[PDB]
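Each ligand, and each atom within it, is numbered from 1 in the order the structure gives. Just so you know, residue 1 is the first one in the sequence shown, and it goes up from there.
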Amino acid sequence: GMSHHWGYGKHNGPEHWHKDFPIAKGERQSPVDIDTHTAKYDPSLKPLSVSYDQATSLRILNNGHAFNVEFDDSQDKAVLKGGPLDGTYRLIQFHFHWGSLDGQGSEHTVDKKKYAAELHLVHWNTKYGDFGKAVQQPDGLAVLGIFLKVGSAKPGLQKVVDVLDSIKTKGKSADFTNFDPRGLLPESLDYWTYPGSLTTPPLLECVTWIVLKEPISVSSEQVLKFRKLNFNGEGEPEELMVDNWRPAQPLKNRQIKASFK
Ligand SMILES: C[C@@H](Sc1nc(-c2ccc(Cl)cc2)c(C#N)c(=O)[nH]1)C(=O)Nc1ccc(S(N)(=O)=O)cc1
Ligand SMILES: [Zn+2]
């Protein structure tokens, strides 16, 4: 990706991606709007199994598009199973998409409603051996999406907020061990699920999306810090990292299933 020039600006944003990544106009692109009245309850959907007790976080990185908290995925330490999934999916990293204003920022929307931000916990199907192989498969990834609304602070998110000062610009990283991702989950695991894609280039259609119905609340101060990050690298003109979200894409020939009535 040494030649990738896509971003979220007026000249390289979502409306431009299809030129370098034609799959942008594909048949199972993400995100999508979740029409709650049209999603159908699927009683055959098993409860989701989130096992993060042995999670091993390693580093946090500002990659110029968002910041990723990375985990050791060389063993089954933090995995997602159940729900619409068959097999074991390992957590490799999580990141967020957020806006410049509290009224926007999420990628998925619920009945057209936009949340302040959206957390993506990325997992890959272990039957494919490694993440690189997994993204080339229709069932290679499982991304657990969680909406963030502004209200009370999320205690479990503060460690992330406090380290952002050290990775302000593109390419900067910092040790980030012993972070417990369980502190970012809502109480309920009720969810909607549909087959989709990565929401940023290469936009590969390798994701089973699992979006939780219950958002978590974060404080205005917490999301404000997210907005102080930079898309640019150090020593370059400052461009605040905000509105790094892709808008809802056509649902086309897909049905969103709900795990609850
Ligand atoms: C790095 C890219 S795709 C990719 N990633 C990798 C890769 C594999 C492992 C690591 Cl540590 C880093 C990169 C390889 C390899 N090897 C590869 O061939 N392709 C990626 O993972 N982007 C990505 C992830 C989630 C989402 S989202 N918003 O849908 O959750 C969007 C884009
Ligand atoms: Zn994402």
Side-chain angles (χ1 to χ4, degrees), residues 1-4 6-8 13-14 17 20-21 23-24 26 28-32 34 55-75 77-78 80 89-99 104-109 114-126 128-148 160 170-171 173 175-176 181 184 191-212 215-216 226 229 231 241-249:
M2 290 184 75
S3 295
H4 283 14
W6 66 271
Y8 294 95
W17 301 350
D20 285 303
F21 304 95
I23 197 170
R28 53 175 284 185
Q29 287 291 290
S30 295
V32 301
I34 297 169
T56 304
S57 59
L58 302 172
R59 188 182 70 144
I60 186 169
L61 166 77
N62 175 331
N63 62 21
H65 304 298
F67 62 84
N68 295 350
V69 168
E70 313 163 337
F71 295 74
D72 168 25
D73 64 344
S74 62
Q75 298 185 65
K77 290 180 174 186
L80 178 65
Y89 288 68
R90 290 185 192 162
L91 175 66
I92 176 164
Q93 56 106 325
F94 72 71
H95 55 277
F96 303 80
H97 297 270
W98 59 94
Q104 65 195 56
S106 66
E107 301 211 294
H108 290 86
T109 53
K114 294 179 168 83
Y115 282 89
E118 190 178 323
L119 163 66
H120 288 164
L121 290 130
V122 186
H123 311 74
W124 55 276
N125 197 323
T126 67
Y128 296 124
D130 68 66
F131 184 83
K133 296 300 179 317
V135 300
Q136 302 179 59
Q137 318 305 316
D139 59 349
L141 268 58
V143 184
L144 179 59
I146 303 181
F147 296 115
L148 275 64
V160 174
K170 179 172 59 182
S173 69
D175 297 311
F176 200 64
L184 300 175
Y191 65 84
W192 290 288
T193 183
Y194 75 97
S197 74
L198 298 178
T199 67
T200 70
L203 302 167
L204 299 172
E205 299 182 324
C206 60
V207 184
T208 287
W209 275 96
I210 299 173
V211 178
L212 299 190
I216 54 169
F226 278 23
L229 288 166
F231 280 127
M241 182 177 280
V242 294
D243 294 313
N244 57 348
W245 50 278
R246 183 190 199 192
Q249 302 299 303

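Closest heavy-atom contact between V242 and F231: O-CZ, 3.5 Å. In this structure, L91 and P181 approach most closely via the heavy-atom pair CD2-CG, 4.3 Å. Scanning both residues, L141 and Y89, for their nearest heavy atoms gives C-CE2, 3.6 Å. The two residues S197 and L203 come nearest to each other via the heavy atoms CB-O, 3.6 Å. Between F96 and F226, the shortest heavy-atom contact is CG-CE2, 3.7 Å. When all heavy atoms are compared, the tightest approach of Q29 to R246 is OE1-NH1, 2.8 Å.
Closest heavy-atom approach to atom 20 (C) of ligand 1 among the candidates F71, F131, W209: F131. Looking at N244, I92, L119, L198, it is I92 that brings a heavy atom closest to atom 11 (Cl) of ligand 1.
For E205, there are no salt bridge (charged side-chain N to carboxylate O under 4.0 Å, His left out) partners two or more places apart in sequence or in a different chain. Qualifying ring pair (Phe, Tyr, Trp, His ring centres under 6.0 Å) partners for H65, counting only residues two or more places apart in sequence or in other chains: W6. Remark: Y115 pairs with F147 by the ring pair (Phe, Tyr, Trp, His ring centres under 6.0 Å) rule, at least two apart or across chains.
In this structure, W17 has its ring center at least 6.0 angstrom away from the ring center of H4. Ring to ring, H108 and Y194 are close: their centroids are under 6.0 angstrom apart.
The side chain of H97, and not its backbone, has at least one atom closer than 4.0 Å to an atom of ligand 1 (non-hydrogen atoms only; side chain from C-beta on). Neither the backbone nor the side chain of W245 comes within 4.0 Å of ligand 1, counting heavy atoms alone.
Contact annotation for atom 25 (C) of ligand 1: protein present (non-hydrogen atoms, distance under 4.0 Å).
Counting only heavy atoms of the protein, atom 30 (O) of ligand 1 lies nearest to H95 CE1, 3.3 Å. For atom 18 (O) of ligand 1, the closest non-hydrogen atom of the protein is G132 CA, 3.9 Å. Distance from atom 32 (C) of ligand 1 to its nearest protein heavy atom, with residue and atom name: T200 OG1, 3.1 Å. The nearest protein atom to atom 19 (N) of ligand 1, hydrogens excluded, is given as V135 CG2, 4.0 Å; this is a heavy-atom distance.
Around the Zn ion (ligand 2), the protein contributes the following N, O or S atoms under 2.8 Å, ordered by chain and number: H95 NE2, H97 NE2, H120 ND1.
Remark: distances from the non-hydrogen atoms of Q136 to ligand 1 are all 4.0 Å or more.
Here is the list of ligand 1 atoms found below 4.0 Å of a heavy atom in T199: 27 (S), 28 (N), 29 (O), 31 (C).
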